[PDB]
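Colleague: What shape does this take:
(3 chains)
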Amino acid sequence: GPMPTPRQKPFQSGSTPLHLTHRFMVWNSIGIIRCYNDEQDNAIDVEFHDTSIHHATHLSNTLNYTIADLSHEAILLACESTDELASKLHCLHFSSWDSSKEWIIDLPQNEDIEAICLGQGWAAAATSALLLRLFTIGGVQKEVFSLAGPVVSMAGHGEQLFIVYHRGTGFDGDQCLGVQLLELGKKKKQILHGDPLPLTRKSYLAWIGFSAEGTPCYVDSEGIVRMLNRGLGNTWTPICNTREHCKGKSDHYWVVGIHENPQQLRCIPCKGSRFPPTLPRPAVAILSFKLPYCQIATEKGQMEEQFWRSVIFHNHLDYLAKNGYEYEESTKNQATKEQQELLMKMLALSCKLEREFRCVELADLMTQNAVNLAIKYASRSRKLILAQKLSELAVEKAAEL
Amino acid sequence: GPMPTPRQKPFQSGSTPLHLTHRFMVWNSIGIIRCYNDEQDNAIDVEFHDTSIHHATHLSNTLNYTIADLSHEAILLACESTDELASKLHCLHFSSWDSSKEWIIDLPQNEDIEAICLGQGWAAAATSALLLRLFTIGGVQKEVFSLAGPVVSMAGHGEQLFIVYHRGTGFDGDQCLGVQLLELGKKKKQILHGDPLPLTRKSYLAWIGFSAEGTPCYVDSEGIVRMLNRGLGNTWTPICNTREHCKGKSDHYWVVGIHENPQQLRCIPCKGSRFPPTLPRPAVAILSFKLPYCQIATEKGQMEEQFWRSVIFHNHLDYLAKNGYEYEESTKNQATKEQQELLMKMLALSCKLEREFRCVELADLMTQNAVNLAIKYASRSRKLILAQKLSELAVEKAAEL
Amino acid sequence: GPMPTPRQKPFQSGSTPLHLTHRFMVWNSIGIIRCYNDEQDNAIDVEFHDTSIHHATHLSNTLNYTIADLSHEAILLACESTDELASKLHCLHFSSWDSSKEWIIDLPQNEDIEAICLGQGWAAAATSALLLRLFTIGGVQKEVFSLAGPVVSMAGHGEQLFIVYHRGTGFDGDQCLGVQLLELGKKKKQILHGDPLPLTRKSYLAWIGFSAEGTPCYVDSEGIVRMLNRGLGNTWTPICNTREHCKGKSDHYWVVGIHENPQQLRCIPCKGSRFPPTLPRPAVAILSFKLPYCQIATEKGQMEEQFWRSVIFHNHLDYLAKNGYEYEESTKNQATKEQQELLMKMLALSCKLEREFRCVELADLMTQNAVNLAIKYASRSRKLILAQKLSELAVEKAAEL
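Modeller: Numbering: from 1, shown residues only, chains lettered A, B, ... in the order given. Let me share the structure:
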């Protein structure tokens, strides 16, 4: 019969394989951590993206760390549970008010760290006992809970903690993963509470994290980037099949990060290997998103892609408004005006195509000012039926606005 | 040892398999869509149950429109991706006033289709890439999101969408199915977050859909009708073992529609098969539901079954009311009247049995007017302790209210 | 490679195996039910820990009941179906005011009860049709719905109904279990609606139930006790490792009850066996709960583990107050006082360690009135930056307040 797929070993997002004599511990927007290791010595460097965060710093890998993660508040490290020493979690809170910026924790006996991440104001790790441990940046042990399966990876941004694990057994080459998403805020909540994780056929998970604006996203082995549509009931929307940015199967991409505004994907181009060449220091490439949409060669399909790209990449403004962070409303005004002008162009093209019911549907998707301009567009060429029905739809909108 | 179950192939909701010269591609409450295919052409025939919806219509193409759906506003068809054509969706928005009396849209390369459905001004389709495509019925591309697994079937009604897919790996004949439901009104919501789908042991899903009053329902291969009981925090209540009816004289009762006002299952009696042949014209058998309540030979059990069947069906009126749609208060009043009468009559039966605690328990399920009538009955029958307990219940309810 | 596991058969909490001649059918906080079959008689003995509740009861086991549950309100019994007689549900509502304290129900033909449980005024039964049936404690049939898989066990407390089932097939020793937690109160809800249930590796589920204070809890075959953390988004927090408490690690404890205030784990030690013998009668041992924190022998570890233990246990006060159940305000006063004096001592230790950012992180959990004491403590010995930043924290808390 069909075989069960082997579960993929856990990874740190943006990292590189352990065995490389030089490797990148993690690529991230704050600063690049890299390591040299061989049969007789081992050392770690951190190379900050902006030196105003902190100057570049170097350490000897005294306790043989194998995992790490960075934020602009602190840098974390973690090691294996050796026979002489169980797994240790280490931190330099380099941005602290106090000079006692270093601290370390050692797990109970026969327990090993499998993943580690940072947010803002907290740290987190997932261990070999299917047990997740929260900490503060200064190393107070916060609450603890058990995971439903072995962890694949984890990430964080602000009060958001993202975990992905093996919810079950994969079959005939496909993996079987689930996702938890926790709010470590004023009220502890769990928007995703073990839901299944979509993946491309016979693929495996390759990268996770958040955009710089705090929206969760991930990439699988086929390069299809998916992002959490918070508008459509917290569901995973694809945003880029990165294979089309490649010259072919010769190339892969290793994501450094994603920016929801400006609409950018930042990654290392890699040839042959999925992970980049370890030396010399590679240069980061930047790519543009295009949502996978049908008939995209046509201008109407292209602007449909532009519209849904605009709203999906300004969902973060709604999330910022809800969570209480500072943001500028001019961004939402720009997004609404741009996507409503695009919707105006679609309505004009549909009107010229005589698909006036499609114009009324587009006007249902419109804001009131755009419906008024659509009524004027329907008045051009004297299409009175469409103009009357657009006016009626405007009245219906006014009844609720 | 244990054996993995093979995943079943997808089916369009309410359709026959492709292994016959003539098929029902969809049979809704609206009407029937047939397909006859041979070496000459593929002939699609639409027959409305009421011609006031629209007249009988016929299409014919070399394209094999392998998937179909029907609604009061429009007809919908779709065809698979071939070695030279990508998939295409086809529609006839017959109710329209513009030039959208026909519409065709492509889908990308390798975007093979499994199932499609219709909504109030909406349309939807599932892809072999595990992306759900959403559209307006006039034909704008709406949002896209990633499906958690291979979809087995799909359905729609109003502003709500119902999806069933393969959640994991089955074993020993059981199929590991998951269910997802979304609502797309003013606030876009996700009711079922990818939860498991109950099924009879070693059964396979045979039909899904909505009741005509707008709640999801489905039937498995053993003939067990189930529906999403939203009076129980959205759990699956079984309603009918269709193999019972007419002492199982027909080897199957191929469901085509469900109603609860009146209480009517619409189905086709099938002899020696799970589905009927498309010609000669099968007759619609109408069957009444029978919930699987215990000790059904007794008056007590029959009154219980009547009461709970009534309340699960007439709970839909409150759902329709609170979600902002039109509903009928006379039917709600009749439902309440029958429920109070059933509780009163079975209270009298339990009084005859001297099971006064059952009488108080039944009084908990009815209003203050019925409780006062029961108190006066208790006074007439000189059951003072029963009257006192009912009076204490009335005092507690009045203090709470 | 991996191999599928045999999904374990259903069980009942505090039972011992059916093959025994003389066994416990249930042992809980209420009392004990024993059953035996020998040449002298086939019978069931019910007895209560507090004899004021009800006298010891004895029943001839002619119908061969096999599953049982005990509550303050009633005794509930069930049997597997044989060929001539169906599976039957039997109840003794001894706390009733009417003389007809017994009632009996007979299930549909070849339907078979596989688990039962009791609650405040209701009873539940899970059957071989993957069907859960609700009854009033006086035997009126309440609502019916389909389970997502074969059950393993059930439990009830007040309005809460806790169900665990097989959501799938496990591999490589593990069991694939899902948890479903209903509330049957004034509005029907699902707190957990099929979430995966954590387990230790290669374990099986050994015990389920509620604390006396009404929080769901369970124990796996590796002796790890887990409780539902309602203050952390309804995740699962381990609260005790019974293996560390044993005289020798080959032996293990058999749980019968849980209490949060006082913190008690009620269990029976077993000499070389999974469960205790029925005679000579076991003695219930008390074990203290222990969160699995790191560096737990240090003063930091002692303080923080006690803090988190205290707060996760005193979540039940919040649940009771939110759902309208009465409670003594002295419990909340004592909980807040203990937590605050403890965290004041922890603040003193972090202050003397001169980690003032850790002090701010610790004091973030506190009320500003209590943070004023830490401000004065920082003023003592002139820890100026610590005093200033605790003052800023108090000002921010007052600004939010």
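
Colleague: which ones are touching residue A:298?
Modeller: Taking CB atoms under 8 Å, 6 or more residues apart in numbering or on different chains as the definition of contact, residue A:298 has no neighbours. All C-beta atoms are positioned from the backbone trio N, CA, C, and that covers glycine.

Colleague: Now residue A:200: closest residue in space that isn't a chain neighbour?
Modeller: Once flanking residues are discounted, residue A:200 sits nearest to residue A:222: 4.3 Å by CB to CB, 6 or more residues apart in numbering or on different chains.

Colleague: Same check on residue A:381?
Modeller: residue A:351 (7.8 Å).

Colleague: Ok, residue A:348 next?
Modeller: Excluding the flanking residues, the one nearest residue A:348 by CB to CB, 6+ apart is residue A:377, at 5.5 Å.

Colleague: about what we covered before: mind checking the SS state of the residue nearest to residue A:381?
Modeller: On the three-state scheme (DSSP: H, G, I helix; E, B strand; the rest coil), residue A:351 is labelled helix.

Colleague: was I right about it contacting residue A:378?
Modeller: Yes - between residue A:351 and residue A:378 there is a contact under CB atoms under 8 Å: 6.3 Å.

Colleague: which neighbours do the two share?
Modeller: Common contact partners of residue A:351 and residue A:378 (CB under 8 Å, 6+ apart): A:359, A:386.

Colleague: one step back: give me phi/psi at the residue nearest to residue A:200?
Modeller: Dihedral angles of residue A:222 (phi, psi; degrees, to the nearest 10) stand at phi -80, psi 0.

Colleague: same thing with residue A:288?
Modeller: The phi/psi pair for residue A:288 (degrees, to the nearest 10) is phi -100, psi 140.

Colleague: number of nearby residues for it?
Modeller: Here the number of neighbours of residue A:288 (other CB atoms under 10 Å in any protein chain shown) works out to 11.

Colleague: Now it: closest residue in space that isn't a chain neighbour?
Modeller: residue A:263 (6.8 Å).

Colleague: same deal with residue A:265?
Modeller: Going by CB to CB, 6+ apart, residue A:265 has residue A:287 as its nearest residue, at 4.6 Å.

Colleague: for residue A:181, same thing?
Modeller: Closest to residue A:181 by CB to CB, 6+ apart is residue A:192, at 3.7 Å.

Colleague: hang on, the earlier thing: wait, the residue nearest to residue A:265 touches residue A:239, no?
Modeller: No - contact criterion CB under 8 Å: residue A:287 and residue A:239 do not qualify, at 11.1 Å.

Colleague: neighbour count winner among the two?
Modeller: Between residue A:287 and residue A:239, residue A:239 has the larger neighbour count (other CB under 10 Å), namely 27 against 18.

Colleague: Tell me which residues touch the more buried one, please.
Modeller: Contacts for residue A:239 (CB under 8 Å, 6+ apart) come out as A:217, A:225, A:226, A:227, A:289, A:291, A:309, A:312.

Colleague: Check which residues of the one helix or strand the fourth one maps to are buried.
Modeller: Read that as residue A:227. Element membership of residue A:227 [criterion: DSSP states H and E] is strand A:224-229. Residues of strand A:224-229 classed as buried by neighbour count (16 or more other CB atoms under 10 Å in any protein chain shown): A:224, A:225, A:226, A:227, A:228, A:229.

Colleague: what bridges to the third one?
Modeller: Bridge pairing for residue A:226 (DSSP bridges) gives the partners residue A:218, residue A:238.

Colleague: Please tell me how far it sits from residue A:46.
Modeller: 30 Å (CB to CB, to the nearest Å).

Colleague: Please apply the same query to residue A:266.
Modeller: Per CB to CB, residue A:266 is found 18 Å from residue A:46.

Colleague: which of the two has more neighbours?
Modeller: Neighbours were counted for residue A:266 and for residue A:46 using other CB under 10 Å; residue A:46 has more, 23 against 17.

Colleague: Would you mind naming the residues that bridge with that one?
Modeller: Applying DSSP bridges, one finds that residue A:46 bridges with residue A:33, residue A:57.

Colleague: quick one on the thing from earlier: just to check, the residue nearest to residue A:200 is in contact with residue A:240?
Modeller: No - when contacts are counted by CB under 8 Å, residue A:222 is not listed as touching residue A:240 (11.4 Å).

Colleague: The two - which one has more neighbours?
Modeller: Using other CB under 10 Å as the criterion, residue A:222 and residue A:240 rank with residue A:240 on top: 24 against 15.

Colleague: Please compute how far the host helix or strand of that one lies from its chain's middle.
Modeller: Secondary structure assigned from DSSP H and E places residue A:240 in strand A:235-241. Chain-centre distance of strand A:235-241: 11 Å, with CA atoms, centre = their mean, to the nearest Å.

Colleague: CA atoms only: put that strand into CSV for me.
Modeller: Extracted in CSV, the C-alpha atoms of strand A:235-241 (Å, rounded to 0.1, in the frame of the first residue of the first chain):
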residue,chain,number,x,y,z
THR,A,235,-7.1,32.0,6.1
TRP,A,236,-3.9,31.3,4.2
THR,A,237,-3.8,33.3,0.9
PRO,A,238,-1.0,32.7,-1.6
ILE,A,239,1.0,35.8,-2.6
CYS,A,240,3.9,34.6,-4.8
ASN,A,241,5.0,31.5,-6.7
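
Colleague: now the helix or strand following it against strand A:224-229, angle please.
Modeller: Using DSSP H and E, the next helix or strand after strand A:235-241 towards the C-terminus is strand A:251-259. Interaxial angle of strand A:251-259 relative to strand A:224-229 (axes from the mean of the first three to the mean of the last three CA atoms, to 10 degrees): 20 degrees.

Colleague: Next, the buried residues of strand A:251-259.
Modeller: A:251, A:252, A:253, A:254, A:255, A:256, A:257, A:258, A:259.

Colleague: If the fifth one is in a bridge, with which residues?
Modeller: When you say that, I think you mean residue A:255. According to DSSP bridges, beta-bridge pairing links residue A:255 with residue A:267.

Colleague: what's around residue A:268, how many residues?
Modeller: 20.

Colleague: Provide a list of residues in contact with it.
Modeller: A:27, A:253, A:254, A:256, A:276, A:282, A:283, A:284, A:285.

Colleague: how about a cut-off of 7 Å?
Modeller: Contacts for residue A:268 (CB atoms under 7 Å, 6 or more residues apart in numbering or on different chains) come out as A:254, A:256, A:276, A:282, A:284, A:285.

Colleague: likewise residue A:226?
Modeller: Residue A:226 touches A:198, A:217, A:218, A:236, A:237, A:238, A:239, B:146, counting by CB under 7 Å, 6+ apart.

Colleague: what about burial for those, which qualify?
Modeller: A:198, A:217, A:218, A:236, A:237, A:238, A:239, B:146.

Colleague: Going by distance to residue C:67, which of those wins?
Modeller: Distances from residue C:67 to the buried ones among the contacts of residue A:226, taken as CB to CB, are shortest for residue A:198 (40.7 Å).
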